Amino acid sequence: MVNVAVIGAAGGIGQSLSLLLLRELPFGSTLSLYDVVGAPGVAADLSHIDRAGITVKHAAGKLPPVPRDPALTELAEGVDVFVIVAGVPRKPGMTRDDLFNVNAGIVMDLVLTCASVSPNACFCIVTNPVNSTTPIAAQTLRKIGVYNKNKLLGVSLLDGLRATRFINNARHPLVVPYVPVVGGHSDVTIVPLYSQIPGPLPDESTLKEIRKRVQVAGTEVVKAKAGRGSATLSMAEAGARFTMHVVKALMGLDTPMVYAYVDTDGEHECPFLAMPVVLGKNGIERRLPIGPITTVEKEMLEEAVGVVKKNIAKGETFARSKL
């Protein structure tokens, strides 16, 4: 029925992400686990859970890393959704440029190897920075001639998790299930649109602080972790729920409206944007307009788009330099 592959399944994010998918994947699904170390152990661990009708496959790549790993090529056969989660997490000790360089090459190799075997699969990019790794994946897809603009999804959902949580904490018992977050998935590019959710809002004073908190929430966790790591459990929650939305859409079990960092297909001047889409059996089914926003929200989006464009260009420049 559906075969979902977690590429990078043995890291801190991948393990919890894989656990969530194992518990929620519909009966008859297959969970495929790839990592360059620790994949057999994660698979054995998860295979012991009493899911009925779930098959757990795995493959171990060569350490130290080999490009176009033959083991990944085998695993990628028949996969419908690739969750690209491999690469380094945003932990202290690597700049936002260092993270980009090693992770860009990792995303390139993995997407290249996976799409060469399963070119009609969906690709959910959670490897950071998704503002740049998503266009890098697109360029990789373009290079081998299998790019489908409706099957590449940069996972921006964690922003929505935080934006929803923070506003719900502010006006409890008034609770909403989601908050639109558009633009990008980096501090300067994250734009929550609280004006679009029902109910009275806090003063604009408090609102400014909550918006800022959404944008620097990743740093908030690194600080709370005394610099010993970054968000992994909430990261896994966002990656799984979004993968689930894609899976249910592929199966015709839902046509969900989600916010993701996607190819804009000419609907916005920016080539890629965190924006509302509805998913169907072919991936992105409809690109929706962002909707009415406040002047202050428009100002945030204008500055966000400015650096999103530079994020994209950086990723595309790296990609063409390596082909």
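All residue numbers refer to positions in the sequence shown, first residue = 1.
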Ranked by mean Cα B-factor in the entry, 235-243 and 95-103, top stretch is 95-103
The stretch whose C-alpha atoms carry the larger average B-factor in the entry, 285-293 or 60-68, is 60-68
For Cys122, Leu110, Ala226, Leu253, the deposited C-alpha B-factor is largest at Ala226
Residue set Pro135, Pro177, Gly199, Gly154, per-entry CA B-factor max assigned to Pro135
Entry-reported C-alpha B-factor of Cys270 relative to its chain, by third, is highest
Among the modelled residues of its chain, the C-alpha B-factor of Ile210 falls in the third labelled highest
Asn168: CA B-factor among chain residues, third -> lowest
Quick tally, chain-level thirds of C-alpha B-factors: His185 sits in the middle
In terms of its chain's C-alpha B-factors, the third that includes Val36 is the highest
